[PDB]
Every structure is written in structure tokens, then in C-alpha cells.
Amino acid sequence: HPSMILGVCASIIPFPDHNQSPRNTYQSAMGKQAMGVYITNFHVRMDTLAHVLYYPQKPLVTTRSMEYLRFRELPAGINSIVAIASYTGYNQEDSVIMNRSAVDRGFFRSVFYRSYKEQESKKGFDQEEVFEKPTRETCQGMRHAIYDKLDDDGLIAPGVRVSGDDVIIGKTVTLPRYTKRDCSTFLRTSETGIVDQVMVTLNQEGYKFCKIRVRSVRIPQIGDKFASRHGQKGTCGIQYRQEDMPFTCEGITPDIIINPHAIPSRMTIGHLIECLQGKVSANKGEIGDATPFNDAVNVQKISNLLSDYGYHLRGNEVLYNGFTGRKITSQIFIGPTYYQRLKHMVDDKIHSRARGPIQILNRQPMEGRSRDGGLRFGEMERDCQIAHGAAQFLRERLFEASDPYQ
Amino acid sequence: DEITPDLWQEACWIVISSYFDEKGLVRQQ
Amino acid sequence: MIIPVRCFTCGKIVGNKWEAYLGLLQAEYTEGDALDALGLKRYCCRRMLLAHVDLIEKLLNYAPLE
Amino acid sequence: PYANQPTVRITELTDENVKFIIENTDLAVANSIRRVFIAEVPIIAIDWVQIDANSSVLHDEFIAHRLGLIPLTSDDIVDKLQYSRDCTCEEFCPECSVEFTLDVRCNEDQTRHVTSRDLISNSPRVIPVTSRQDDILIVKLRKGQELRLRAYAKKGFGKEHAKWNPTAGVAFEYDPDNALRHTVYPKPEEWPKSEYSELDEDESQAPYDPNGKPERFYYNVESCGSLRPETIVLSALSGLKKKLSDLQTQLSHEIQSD
Amino acid sequence: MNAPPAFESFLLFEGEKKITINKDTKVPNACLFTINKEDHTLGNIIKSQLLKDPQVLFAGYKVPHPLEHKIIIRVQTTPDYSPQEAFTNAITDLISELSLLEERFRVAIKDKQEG
Amino acid sequence: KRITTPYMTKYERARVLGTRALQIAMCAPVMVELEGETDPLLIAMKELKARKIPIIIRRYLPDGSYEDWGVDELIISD
Amino acid sequence: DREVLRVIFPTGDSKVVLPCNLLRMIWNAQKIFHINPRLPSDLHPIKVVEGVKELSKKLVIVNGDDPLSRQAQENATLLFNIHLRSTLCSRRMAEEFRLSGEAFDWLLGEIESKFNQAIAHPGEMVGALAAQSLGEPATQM
Amino acid sequence: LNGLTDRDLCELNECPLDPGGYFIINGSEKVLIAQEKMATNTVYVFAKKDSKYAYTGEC
Amino acid sequence: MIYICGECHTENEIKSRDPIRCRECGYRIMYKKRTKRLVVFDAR
Amino acid sequence: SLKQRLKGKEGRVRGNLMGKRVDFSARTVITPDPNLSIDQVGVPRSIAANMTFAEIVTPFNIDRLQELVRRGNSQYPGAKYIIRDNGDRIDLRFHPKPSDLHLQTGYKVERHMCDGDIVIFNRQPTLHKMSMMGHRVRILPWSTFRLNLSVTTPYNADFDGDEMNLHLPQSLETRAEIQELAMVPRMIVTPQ
Amino acid sequence: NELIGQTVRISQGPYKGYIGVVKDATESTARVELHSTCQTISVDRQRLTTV
RNA sequence: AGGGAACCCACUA
Ligand SMILES: [Mg+2]
Ligand SMILES: [Zn+2]
Ligand SMILES: [Zn+2]
Ligand SMILES: [Zn+2]
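Residues numbered from 1 in each chain as written, not as in the entry; some residues may be left out. Chains lettered and ligands numbered in written order. Part of a larger assembly, values for the part shown. Heavy atoms only, no water. Residues with missing side-chain atoms left out of burial classes, pairs and counts.

Per the deposited record, cryo-EM is how this structure was determined, to a resolution of 3.0 Å.

Right, here's the structure in full:
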């Protein structure tokens with residue numbers, strides 16, 4: 001069959017011969033970032049990062065090659081009722097308006113797993129590390145945190161909540177009025193969640209070894225990245241409730257509204273064919289076939305099938321304004337499309353600094369958001385601030401806000 | 001006798017199904 | 001993993017219809033006729049049952065911790 | 001002195017939906033009624049889950065999220081129930097919440113289906129709707145797994161969370177024959193006629209009425225089970241009237257305190 | 001992380017004032033009714049009931065930002081009438097219309113339930 | 001004798017406004033009658049429009065010499 | 001001025017880049033003063049000639065009175081003065097634009113103010129401006 | 001896990017859908033990415049450009 | 001402190017500074033039990 | 001070696017003197033906002049409650065800054081530090097003894113970034129001088145920077161996952177020169 | 001300050017019924033991370049109930 | 001009230 005020329009990640013694209021080829025490349029890149037159930041024994045694994053979707057659905061429009069990728073068994077995405085409309089301006093320039101009521105009902109909700117590990121490694125007869133709950137009167141250098149979440153073994157228990165300045169593993173190293181130093185493990189800053197599983201074992205070296213899995217539920221929000229299977233990625237721009245969403249005559253509000261302007265320059269016509277075929281599939285009860293090179297499926301046959309179900313044959317519907325109730329003058333293309341929630345969330349990316357840690361050598365702010373570092377005001381930014389003539393802003397960026405010294 | 005053009009689209013996916021039934025997807029490794 | 005309680009779009013209850021849907025599927029109903037017998041008229045609720053992957057059946061194959 | 005005089009026809013009244021037609025009202029009134037169906041009709045739903053034990057394969061937020069979406073019979077109780085933010089009790093009292101408990105263990109060698117039948121309330125009239133059909137599955141338990149929890153169901157409306165939405169689908173429609181050209185079809189013959197179209201098969205749209213405004217509005221209010229659909233409509237009209245009355249009281253205070 | 005609580009759609013926090021009138025001096029006989037913790041549900045009905053009034057020369061509402069919960073209604077009247085009086089009359093007519101609608105709906109429910 | 005431009009350049013405007021705003025924030029005597037004003041930038045702008053900022057701009061010619069223009073002597077564009 | 005233009009632009013391309021959009025400013029003057037183009041004008045042609053002369057005397061790029069500076073001034077505003085005398089011609093101000101006296105006085109003042117706004121500000125980092133202006137379209141190619 | 005049924009894999013807390021093909025090195029699952037190279041023992045004739053050699057046949 | 005064995009699921013009394021192993025099967029992977037604190041979720 | 005320390009884009013000169021990590025900078029995903037003016041940027045409350053502007057205490061703002069100090073670092077429209085004339089920093093996150101919350105003229109209060117604050121807002125690659133313009137802070141609920149849609153053309157930005165950087169000017173002089181030189185309305189027409 | 005680290009219940013106001021552990025407290029205000037949601041809110045100490 | 005460096009890899013726009 002000629003559709004065996006595609007690999008694993010391009011075999012999930014419905015109608016890839018109707019797409020411009022860079023968009024197939026982008027979906028092959030972004031199907032690997034899609035959130036689903038990555039493996040069925042995810043409750044046993046202490047992976048450092050894990051992303052499990054609450055309600056993965058298999059696609060309504062499928063290729064025949066996804067029976068062998070096991071995508072029907074471990075799917076990564078949800079069939080979303082997707083209107084292609086300009087609504088209130090919040091889906092412009094590759095954005096998505098989402099239904100807040102759908103998101104409240106579990107639409108694209110997911111759980112994030114972070115795993116932390118510590119070895120209770122004795123290094124000689126001088127420096128001994130112990131899993132124990134530190135106390136102020138005994139341990140030096142405790143980080144002014146909440147230390148009573150820990151149990152008697154120095155390890156936190158499943159079910160406890162933790163914020164970014166909480167300790168989960170209490171580790172003290174004996175010090176050669178303070179017998180030992182605190183070398184405990186805290187969560188990542190600006191993180192939160194429930195302790196999900198604490199596993200205690202011993203490694204090859206025979207030392208006590210813990211892995212603690214912390215779970216946090218990530219509800220979709222503004223700035224979370226969603227993509228279809230046609231390279232049509234975009235952050236959530238706003239979330240409207242069901243009574244603000246546009247609706248059909250039978251009360252169907254779209255889960256997602258994407259911009260019309262995402263289509264013409266990209267020519268993802270397979271996206272529109274997948275919406276049409278998904279409308280036909282959801283009304284018929286079939287799962288549509290979107291195997292690439294098929295003469296049994298063209299747009300006219302899908303249209304005739306759709307018009308057999310009391311719909312417009314081209315998949316448009318008369319939507320009503322959610323705010324005013326008035327009919328929208330244009331008829332809106334709306335139908336079920338498989339969206340993926342990508343691992344690029346905004347709460348994993350938001351970072352600000354005011355003043356904090358500085359590098360030991362050059363006394364400039366640290367590197368990266370994981371250590372409360374600053375952003376590099378680089379050479380091109382310096383060049384642009386030169387072109388502005390803003391000499392004092394350039395001076396405070398490159399002298400006062402990084403490393404003032406005398 | 002032979003596979004007619006109407007049975008071909010199911011014959012080819014039967015043989016692809018048999019291929020992936022034995023070989024799987026990480027057979028090279 | 002398990003069937004959603006409500007349809008995401010409209011909020012119709014579909015969490016009580018999964019085992020009935022599977023019973024109808026075992027009774028040689030076509031999927032569209034099974035969805036019609038369950039009273040799922042809007043295509044938003046039909047894609048809840050039509051596209052559901054019952055992964056909790058796979059997660060029940062592992063012995064519990066306690 | 002410029003109030004409308006709207007009439008009502010019920011055309012269908014089942015236990016799961018009411019289909020009705022409102023004549024002689026404005027489009028904004030009709031849309032605000034449709035919006036209050038979805039967003040401002042208060043029902044009872046679980047909003048407080050303590051999980052004493054959860055050995056199931058689904059984590060605790062997953063179970064709690066599923067429990068909040070289970071509809072509870074809110075008829076005749078939600079009206080006399082208080083919002084917990086307004087109630088003077090410390091935590092939860094029978095004047096503002098209904099206490100649910102679930103205690104399921106699976107010791108049988110086959111899979112136990114924790115349904116909404118296993119949710120047991122202390123109030124005998126706020127129960128799961130499916131318990132009052134098939135029951136709503138919360139979790140499936142393996143042998144030795146258990147789920148023990150205590151849940152409180154408070155009063156709220158769908159503008160806060162969608163689990164307090166009483167409706168499944170609020171179908172809304174005006175002018176089915178497009179006599180006002182509120183939507184302009186590029187090809188009117190490609191469009192299926194409405195359920196309420198009065199045109200014969202030959203004609204695609206009604207002739208354009210230049211003097212017309214939307215006057216007749218078609219509703220189909222399906223209920224998810226918490227309230228009867230006619231209770232959804234009557235509670236929505238009462239709630240919209242109450243929002244306008246509260247606004248008028250605040251506006252009277254602001255006018256007389258100028 | 002920055003998620004507003006779901007109850008700031010509709011709950012006035014302590015010190016927030018439900019409705020304020022601002023007599024804008026740009027044009028005669030006009031007011032700006034800033035209603036807090038409301039949305040299109042009341043803004044649209046108030047706007048349309050004001051548009052039924054023949055002594056109202058302008059009536060429009062806006063949500064300045066959908067991430068905030070605030071309605072600005074601008075009413076302009078003929079000089080022998082005031083925007084505050086127009087707003088009160090519009091709310092009274094809306095209340096009477098909804099009362100009539102509720103009573104006729106109860107009558108219709110009682111007729112169809114019996115038959 | 002002063003060959004430089006009689007207009008105040010935008011860089012001069014930005015720096016005079018910043019310097020004067022900082023001076024007002026350090027409790028310099030305001031030159032104009034502020035009417036309920038609190039933010040030093042708006043006070044500096046109001047002083048600049050009134051042509052009352054007590055600052056001399058010293059413009060350096062490339063040959064090394066300078067010209068002293070008072071803010072009140074330069075034409076205020078924005 | 002025409003022969004000088006023929007030398008400067010030998011391909012006959014008339015599109016230039018100049019500070020004050022004189023045609024739009026004449027249109028602005030027509031709309032501000034409600035210039036009826038069906039009536040005779042009250043604008044003397046010698047007022048046009050003298051006004052353009054005294055306007056050219058104050059569109060100053062090079063400041064000085066020695067012959068080096070006034071030659072550099074005549075060079076620096078050569079095209080703008082050619083364009084200004086072509087556009088504010090006494091025939092075109094009577095046959096075509098039909099401005100009044102007050103409209104013409106406003107037009108002269110507005111040309112002077114817009115030109116003096118167009119002069120480069122000392123301090124401006126034009127080398128970095130040029131480097132970025134030739135650099136970011138290079139990302140496009 | 002070779003030749004085990006789905007039930008035996010689920011007894012070992014392994015996923016039956018897991019394909020394998022990787023190594024567990026210090027608890028990290030490590031996959032060997034296939035590296036391409038020129039084929040050995042085959043005579044390839046190229047044109048080295050701007051060089052002292054007009055043609056080059058390597059093996 | 002109370003740990004659950006990974007494979008035999010038996011409860012284990014484990015003190016501090018003793019090796020991790022099961023009393024029954026000797027399997028060296030142990031899991032802590034769930035906490036006894038008040039855990040409360042809004043059902044959302 | 002020392003030569004390897006001094007050379008390259010990562011060396012001392014190019015990587016630590018021409019450009020460097022800075023304090024008072026923020027970065028998050030950008031999402032559209034048609035309701036903002038072209039010179040406004042919608043800022044999350046967590047970014048604004050973490051980024052502080054040092055406001056010098058005058059008799060004009062003794063009371064407002066006293067209230068900001070009284071609210072502290074916990075409440076968002078509040079303050080993080082008091083800097084006395086001698087230069088010590090009273091950290092307001094320890095809720096210190098009430099003798100410290102006294103405000104004299106000449107003190108600096110490091111109040112949280114509030115509405116109307118001027119920021120430089122930037123998208124990499126910074127190609128031309130309209131890739132780095134000035135914006136007025138507007139505080140909006142969720143976790144993204146929010147931009148107007150006409151503004152995405154100079155930034156070469158869209159909302160398919162772009163992140164932009166927000167630098168807060170720390171002085172009145174630099175805030176004034178960003179206001180008078182680099183704001184979005186002044187950057188409408190390019191000299192290019 | 002004994003309030004820090006104690007599990008607390010909000011007893012008045014819009015957050016009534018929320019559970020959490022106090023992070024930092026004043027005589028009139030505490031920073032309570034909510035058990036129910038992923039937020040650390042500020043709440044007046046008259047509206048808090050220890051447990 | 002804050003004790004890591006270096007390299008590699010993957011990724012984002
Ligand atoms: Mg982009
Ligand atoms: Zn539905
Ligand atoms: Zn109560
Ligand atoms: Zn054991």
C-alpha cells in the first residue's frame with residue numbers, strides 16, 4: 001500500500017495528501033509533544049516527567065496505519081467540536097478560544113508527574129548522610145521551610161500537598177552547637193501538587209534510596225498549547241463559558257474556535273476534510289477512514305454523506321451569537337476535529353525575576369527559570385537600545401540591573 | 001482466482017496486518 | 001481512562017451509557033444504532049461514546065499496591 | 001410602559017426536556033433567558049470531597065472531579081437551600097449542604113463498578129439522578145482496591161462551574177425561514193429546512209421582511225436530570241427577575257445617594 | 001497559578017459597589033452606568049428595553065474586557081427625561097415582562113401536564 | 001554665535017524630563033502650580049510645557065567646544 | 001530646475017522621497033478654508049512667488065552666511081526647493097489648486113513646520129539604524 | 001520478558017504494549033539511535049571539486 | 001515506620017537506619033502508606 | 001585557559017559585558033488581547049507581584065506608599081522593600097517590627113509593579129528597533145503576557161507558543177526615556 | 001506564631017470549606033495554600049479555623 | 001531566608 005512510505009508520527013495525520021508538506025512535517029514534530037497515556041503501567045514508573053491526559057479519545061477520523069501504531073489503545077488527544085470562526089478576536093494569529101464549560105467538564109484536563117530521588121549515601125567515616133526530619137536545634141542551614149510535612153523517616157507521605165518551598169525529603173549530612181548540616185530536597189520553585197507515591201529501596205551501593213512522585217492536575221488555561229493533526233498549533237487565547245460560546249440551532253457550542261486565517265497561507269485542507277469526515281463519522285456512528293491515497297474517499301462523497309444527515313453538505317452551520325443571541329450572518333464551519341494538548345504549558349514557562357541568586361564568578365544573575373535566574377539582555381538587545389538612543393536604559397540594563405560594582 | 005479491484009483494498013490491509021502481526025515496529029532493534 | 005460523566009460540549013450524561021453501549025455492541029448492533037438506542041442524538045455526545053478508549057480495563061490488570 | 005406582553009406555547013413536555021415557543025418578546029430577552037438556563041439556574045452538586053481511602057487506579061482529583069459532575073436531584077430542595085458563602089455555619093450544615101458518603105471495597109474476584117448508586121446521602125431527596133436507567137460509573141475497582149470518601153454537595157449555579165449547569169442542550173432558534181436575513185446564505189437551496197420551517201419544499205427562504213424583527217423564539221431545554229426542565233425554565237425566569245430586582249435596589253440606593 | 005477564582009464572575013468583593021452613575025459631560029443628558037459583576041445577560045436586556053423607550057436617544061452596553069466582570073451602559077435621553085429614570089423604567093418593564101412570562105409559563109405547564 | 005539647532009531634540013526631551021522628574025521626586029521645588037498632581041513625570045511634563053524647567057542643556061560640538069542652551073530657550077516639539 | 005532634474009534623474013523616474021507631502025498639504029488647505037474651485041481666487045500670483053522665496057529662505061539645513069555654508073545649504077535643499085517651486089507654482093496655485101490668501105499663508109507655515117520637524121536630531125545613532133535597516137530585510141531573503 | 005503473554009507482562013508490572021528495543025542503564029531507558037554511514041567494500045567514483053584530483057575512486 | 005512491600009503487599013515495620021527488605025519475601029522495594037492527614041478536594 | 005575565558009560569544013566580553021543576564025525581567029507566553037491598546041501589555045498578577053519598582057517617598061505619596069508598605073509582599077498591590085537613606089533594605093516579606101514600616105521623605109519603597117507602569121517588552125530575535133518597544137502595564141488575571149494584534153507585526157510575533165521578555169525600568173530617568181523615546185505609538189513609522 | 005504549618009479550614013467568606021496549611025501568618029492575615037486548588041491565597045485570620 | 005560546575009542530548013519560537 002503506498003501509505004507505507006510514512007513513518008510512525010506521519011501515519012497519524014488524517015488526509016496527509018491534502019496538506020501542504022511542511023505542515024505534515026510540523027505534525028510529525030508535534031505528535032511527539034502530544035499528551036495522552038504514554039504507557040499503561042505509568043502508575044509503576046517513576047519517570048522524571050510524565051504527562052497523562054484524563055480522557056484520551058481515539059480519533060473519529062483515522063488512518064488504517066494507526067491500527068499498528070496502537071494509537072487506538074494509547075491515544076493522545078480528544079475529538080473536539082471545532083468551529084472555524086472569528087469570535088471576539090481572541091483566536092487571532094494562531095490562537096484558540098476554548099469552551100470554559102467543556103474544560104470544567106474535564107476537556108483536555110491532564111495530570112503532571114514529577115519524580116524526585118535521593119540517595120542516603122555514606123561517603124567515608126566522616127561525612128554521613130541520613131534520611132531524617134531535621135530540627136532547628138540540631139541541624140545547621142535549614143532553609144526556613146515547613147518541615148513537619150515529613151514523617152519520622154525524613155520522607156513525606158502519599159497524599160500530602162506541597163508547594164514550591166516545601167521539603168519532601170529530609171536529608172542531613174553530619175558536620176565535622178550544630179552536629180549536622182541540612183541537605184534536604186525541596187520541590188521546584190513555583191510548583192505545587194500532591195505527593196502521589198513514595199518508594200523506598202536501596203541502590204547498587206546498598207544505601208537507602210527514595211523516589212517520590214508528586215502529581216499535579218493541569219487544567220487547560222490561557223496560553224496552553226493545543227494543536228490539531230495538521231500542524232495547526234496555537235495557544236489558548238481566552239476561555240468563554242457555554243453561554244458565551246456561539247451555538248447551533250440544537251445547542252452545540254464549539255469546544256474550540258480556531259481562526260479562519262490559520263488556513264489559507266498554510267493550506268491544511270486535510271484539516272477541513274477531517275472536520276467534515278468527523279461530522280459524518282459522529283452522525284453515522286462509523287470511524288472515518290483517512291488513509292492517504294484512497295479513491296474511495298473524496299470530498300464530494302463525504303459531502304453527500306453529510307447532507308444525508310440533515311446537515312449542510314459542506315459542513316457549515318448557522319451559529320448564533322452567544323452574547324446577543326442573534327444569528328451570525330456568515331455560516332460557520334464546525335465539526336469534530338482531533339486536537340492534541342501539547343506538553344508546552346504556560347505554568348511551566350512563566351518566569352519573572354526581581355533580584356535573586358547570582359553566579360559565583362561574574363556576579364551576574366543566574367541561568368534559567370529553574371534557579372530564579374534572569375533573562376539575557378543580549379547583544380542584539382544592546383544594539384536595538386543603541387538604535388533607540390536610550391543610553392540610560394542601556395546603562396541600567398548592562399550595569400545596574402546585572403552587576404553594579406565599585 | 002485472483003484479487004479483484006473491489007477486494008484489493010481489504011487484501012492489502014490484511015497482508016499489512018499480517019506483517020505487523022509478526023514483525024512489530026521495533027524489529028530492527 | 002474511564003468514560004467521562006458528561007459530554008464535554010453540552011453536558012449530557014454519558015457516564016451511565018458506556019456499559020449499555022458495550023452490551024448493545026455485543027448484541028450485533030451497529031455503532032450508530034447503538035448510539036441511537038441510547039438516546040445520543042447530537043453528534044457531540046455520540047463522539048463521547050464513539051471515540052472512547054476504555055483504558056481503565058488495562059489499568060485493572062495490575063495488582064494493587066495494598 | 002414599554003414592556004412586552006410575551007405569550008408561551010409548550011409543544012413538548014417530557015421528563016427530560018421541554019420544547020416551547022415564546023412569541024412577542026425581544027431577542028435580547030430571549031437570549032438572556034437562554035443564557036440563564038445554562039449559567040444562572042442553581043442546582044446542588046458535590047463541591048467538597050474528603051477521600052479517606054483511594055486504592056483505585058484513578059487518582060484522588062480524578063475521582064473528585066467525576067463526583068462533582070454527577071447530577072443530584074435538586075427539585076424543591078435547592079430553592080430553600082442556602083449558598084454556603086451566605087450560611088452562618090462554621091463548615092457545613094443541613095441548611096446549605098447535603099452530605100454524601102461512599103464506601104466501596106472490592107473483595108470479589110471480578111471487577112467492582114463503583115457507580116452513583118454507591119453514593120449515599122443523608123438527605124432522602126438529594127440523591128443521584130440515575131439512582132432515583134443505568135447508574136453513572138465513578139471508578140472500577142480491582143480485588144482489594146477500595147474507595148472511601150465523604151462528599152458535601154452545596155448549592156451553586158453554572159456561571160461558577162459547569163457542574164452546576166442544569167441543562168444538557170438548550171436549543172434556541174428564531175426565524176427558521178430566514179425572513180429577516182439575519183444569516184445570508186450564499187446558496188439557500190443547499191441548506192436543510194428547520195424543524196419549524198413553514199416553507200414548502202419548492203421554496204428555500206421566506207421572502208425578506210423589511211419591517212420584521214425577531215418575535216417568535218423556539219426553545220428545546222433538555223435537562224441533565226437535576227431539575228425538571230419546566231423547573232429549569234421557571235427558576236431561570238425567577239432568577240433573571242431577581243437579578244433585575246437586586247440591580248434596581250442597588251440603583252435606587254445610588255440614585256437617592258447622589 | 002494566576003487563575004482567578006470562579007466566584008469573581010458574580011461576587012462583589014468587600015468595598016466594591018454594584019452600580020455607579022457617571023454623568024458624562026461630553027453630550028447633554030447622558031449617563032454611564034458602570035455595573036460590577038455582571039455580563040451580557042443583563043447588559044443586553046437593559047440595552048434593548050432602553051431602546052424601546054422613545055425618550056432614549058442612545059442606549060448601548062459594553063464589556064470593556066472579558067477577563068473583568070464589569071458592564072458599562074451608556075444611556076442618553078431627551079432633555080425632558082433623565083438617564084437614571086430611563087434605567088429604572090427599563091428595569092421595571094423587564095421585571096413586569098418576566099413576571100408575565102413566568103405566569104404564562106406556569107399556566108402553559110399546568111395545561112400541558114393535564115392535557 | 002550658537003550654531004546648534006534651536007529645537008530640542010527628542011533625546012534632550014527624554015533626558016530633561018527624566019532628570020527633572022528625579023529632582024522633583026527628591027523634593028526639588030516645583031516651578032509650576034501643580035493641581036492635584038502626584039507623579040513626578042507628569043509634574044516634569046507640566047513644567048516642560050510651561051517652559052519653566054531650571055535646567056541648562058550643554059551641547060558638545062565635535063571639535064570639543066560646547067553650547068549652553070536653557071530649556072526655556074529651545075523650541076519644544078513634544 | 002527642470003534641467004537640473006534631468007541631470008539628477010536621467011531615467012525620467014519622478015518618484016522621490018521628500019519631507020513635506022506638498023500635494024496633501026494643499027488638499028488640507030483646500031478642505032480647511034473651504035476653497036471653492038469654481039470661483040476666482042483672491043491670491044495674487046506675486047504673493048505666491050514671494051511666499052515661496054521667503055519659505056525657501058527658512059528651510060535651513062546648513063547654517064551659515066559664508067559662501068561654503070550657503071552653497072551647502074543650496075545643495076542640501078535642492079530637490080525640495082525644485083519640488084516646492086514646481087508644486088507652489090503661481091500658475092498651478094491659480095489654475096489648479098485655487099487656494100486663497102489665508103490658505104496659502106497657512107500652507108507656507110505648515111510647510112516650514114513640517115520641514116523643521118523632518119530634520120535629523122543630533123545624537124541619533126544612524127549607523128545602528130542603518131545596520132538594522134539593512135539587516136532585518138536580509139532575514140527575509 | 002521474551003515470549004511472555006500479556007497476563008505475564010501485567011504480572012511483572014510491565015506494559016504489554018511496550019515494544020522494548022531499549023536498554024535500562026542505571027534505571028534510565030536508553031535507546032540506540034541508528035547511525036548511517038557509507039557502505040563498505042563498494043567502489044565510489046566522485047569528482048573532487050576545485051582540487052588537484054579530477055576524479056577519485058574510493059573503496 | 002510502616003512500608004508496603006512491592007510484590008507481596010504485606011505491611012512492614014521498618015525502623016530508622018535498618019536495611020530495606022521484606023520480612024516475608026525479602027523484596028527490597030517498599031512503598032509508604034497513604035497519609036492520615038485531612039485531604040480535601042473541591043470537586044472541580 | 002584565560003584566552004578561552006575571554007573569547008567567543010560565551011566569553012567574558014561578548015557574553016558578559018556586551019550582553020548579560022539582568023534583574024527585573026520577566027518572560028512568559030504571549031496571547032492575544034484585542035481589548036488592549038497598542039501600547040499596553042497585559043501582565044499576569046504573579047509576574048507583577050514579583051517585580052518591583054523603587055518609588056522615592058515624597059510628601060505627595062507618603063500615604064499611598066504607607067498603605068503599600070502596610071499591605072506588604074503578600075497582597076499584590078503592595079511593597080517588597082523599604083530602602084532608607086543610609087541604604088539598608090527592610091525586607092517586608094518577614095512582616096517586621098512596626099518601627100520599620102515608618103516612611104520618611106527620601107526613603108525608597110520597592111512597591112509591586114502596578115497598572116500604568118512602563119516596561120520594555122521584547123521578542124527575540126531583536127532585529128530592528130521596533131522589536132523592543134515600550135508598553136504600559138495592565139494587570140490581567142491569567143498567566144500570559146497579552147498583546148494587541150496590530151503590535152505583533154513589528155515584533156514578528158504570533159501566538160503559537162511565542163514567549164516575550166518584559167524588562168522593567170528601575171529609575172525615573174530610564175522610565176522617562178522609555179516613555180519619551182521607545183513607546184509603541186512613537187514606534188509606528190519606521191526610518192528604515 | 002503557632003498558626004504556621006497547621007492545617008486550617010476557612011470558615012467565613014467565599015472560600016468557605018477550603019482546607020490548607022498556613023505558610024506564613026501575621027496577627028490579622030495568613031498565607032494559606034489551599035488543599036483543594038493549586039493556589040496560595042491570603043485570608044483574614046477571623047475567617048480561619050484550625051484543625 | 002538560600003552551597004554547584006562542565007559537557008552532552010532533546011526541545012521551544
Ligand atoms: Mg510563532
Ligand atoms: Zn453533547
Ligand atoms: Zn450552613
Ligand atoms: Zn514482600
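This is not the end of the story, as more comes after the structure.
If you tally the helices and strands in chain A, you get 6 helices and 22 strands. Taken along its principal axes, the extent of the C-alpha atoms in chain A is 85 × 60 × 45 Å. (Helix = DSSP H or I, 4+ residues; strand = E, 2+ residues; numbered from the N terminus.)

Turning our attention to the overall build of chain F. Each helix and strand in chain F was counted, giving 2 helices and 2 strands. Seen in sequence order, chain F has helices and strands lined up from the N terminus as α-α-β-β. Projected onto its principal axes, the C-alpha coordinates of chain F cover approximately 45 × 20 × 15 Å. Look at the contacts in chain F between residues 6 or more apart in sequence, and 49% of them connect residues 24 or more apart. Surface summary for chain F: the accessible area is close to 4400 Å², and the carbon and sulfur share equals 55%. (Contact = heavy atoms within 4.5 Å. Areas by Shrake-Rupley, 256 points an atom, 1.4 Å probe, with all protein chains shown as cover.)

A few words now on the packing of helix α3 (residues 45-56) of chain G against helix α7 (residues 101-118) of chain G. Residues and elements named next belong to chain G. Close contact between α3 and α7 brings their axes to 11 Å; oriented N to C, the two are set at 15°. What the angle tells us is that α3 and α7 run roughly parallel. For the pair α3 and α7, the sense of crossing is right-handed. In contact with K47, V48, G51, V52 and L55 of α3, α7 contributes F104, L108, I111 and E112. For the contact of α3 with α7, the per-class residue count stands at 6 nonpolar, 1 polar and 2 charged. (Axes fitted to C-alpha atoms, helices over the stretch in contact; angles between N-to-C directions. Parallel < 35°, antiparallel > 145°, perpendicular 65-115°, else oblique. Left-handed = near helix turned anticlockwise from the far one by under 90°. Nonpolar A, V, L, I, M, F, W, Y, C, P; charged D, E, K, R; others polar.)

Turning our attention to the coordination of the zinc ion (ligand 2). All names here are of chain C. Looking at the zinc ion (ligand 2), the protein donor atoms are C7 (SG), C10 (SG), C44 (SG) and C45 (SG), and they sit 2.3 Å from it. Between the 4 donor atoms coordinating the zinc ion (ligand 2), the angles at the centre fall across 98 to 115°, so the site counts as tetrahedral. Sequence spacing of the donor residues for the zinc ion (ligand 2), all on one chain, is C-x2-C-x33-C-C. In this pair, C7 is assigned in the segment before α1 (18-26) and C45 in helix α3 (residues 43-50), connecting sequence segments 38 residues apart. For the pair formed by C7 and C45, the shared burial category is buried. (Donors = N, O, S within 2.8 Å, 3.2 Å for Na, K, Ca; no water. Tetrahedral: all angles 85-135°; square planar, octahedral: opposite > 155°, others 65-115°. Buried < 20%, exposed > 50% of the residue type's maximum accessible area, 1.4 Å probe, protein only.)

Attention now goes to the protein's contact with RNA strand L. Near RNA strand L, the surroundings consist of 14 residues, among which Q33(A), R143(A), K225(A), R371(A) and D162(J) are the closest. Counted by atom, the contact set of RNA strand L within 4 Å of the protein is 60% sugar and phosphate. Take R143(A): an N or O atom from its main chain is 2.5 Å from a base nitrogen of RNA strand L. The contact in question runs from a sugar or linking oxygen of RNA strand L to an N or O atom on the side chain of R123(J), over 3.1 Å. (Near = heavy atom within 4 Å. Polar contact = N/O pair within 3.5 Å; in protein donor to acceptor, adjacent residues only side chain to side chain.)

In this section: the side chain of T185(A). Residues and elements named next belong to chain A. The topology assignment puts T185 in strand β12 (residues 185-186). In this structure the side chain of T185 is engaged in a polar contact, spanning 3.3 Å, whose partner is the side chain of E118. Once residues within four sequence positions are removed from consideration, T185 is found in contact with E118, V167, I168 and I169.

In this assembly, 6 residues from chain G lie in contact with 5 residues from chain J. Taken together, both faces of the contact between chain G and chain J bury some 570 Å²; the carbon and sulfur share is 60%. Summed over the three residues of chain G that lose the most area to chain J, namely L129(G), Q132(G) and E136(G), the buried surface amounts to 69% of that side. Summed over the shared surface of chain G and chain J, the number is 0 salt bridges. (Buried area = accessible area lost by both parts, 1.4 Å probe. Salt bridge = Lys/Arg side-chain N within 4 Å of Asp/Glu carboxyl O.)

The strands making up a sheet associate through backbone hydrogen bonding, with each pair oriented either parallel or antiparallel. Residue and element names in this part refer to chain D. Within the open sheet, the 4 strands sit side by side as β1-β2-β10-β9. Their pairing is antiparallel. Two strands lie at the open edges of the sheet, namely β1 (7-13) and β9 (167-174), each paired on one side alone. Going across the sheet, the axis of each strand differs from the next one's by a mean of 15°, ignoring polarity. One ladder, built from 6 bridges, connects β1 with strand β2 (residues 17-23); its direction is antiparallel. Note that in β2 the partner of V8 across the bridge is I22. Across the face of the sheet, helix α1 (residues 27-39) comes into contact with β2, β9 and β10 (216-223) while running at roughly 170° to β9. (Pairing = 2+ DSSP bridges.)

Let us look at the coordination of the zinc ion (ligand 3). Residues and elements named next belong to chain D. Of the protein atoms, only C87 (SG), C89 (SG), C93 (SG) and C96 (SG) coordinate the zinc ion (ligand 3), at distances of 2.3 Å. One way to put it: the 4 donor atoms around the zinc ion (ligand 3) meet at angles of 98 to 117°, and that makes the site tetrahedral. Linear spacing of the donor residues for the zinc ion (ligand 3) on their chain is C-x1-C-x3-C-x2-C. For the residue pair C89 and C93, the accessibility class agrees, reading buried in each case.

This next bit is on α1(C). All names here are of chain C. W18, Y21 and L24 are the residues of α1 that are buried. Each buried residue of α1 lies within a common arc of 120° when the element is viewed along its axis, so the set occupies one face. Just beyond α1, the residue with positive phi is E28, at close to 60°. (Arc of directions from axis to C-beta.)

All names here are of chain F. Along the chain, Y66 falls in strand β2 (residues 66-70). With 62 residues separating them in the primary sequence, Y66 and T4 have C-alpha atoms 9.7 Å apart. If we skip the residues at most four places from it in the chain, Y66 touches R58, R59, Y60 and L61.

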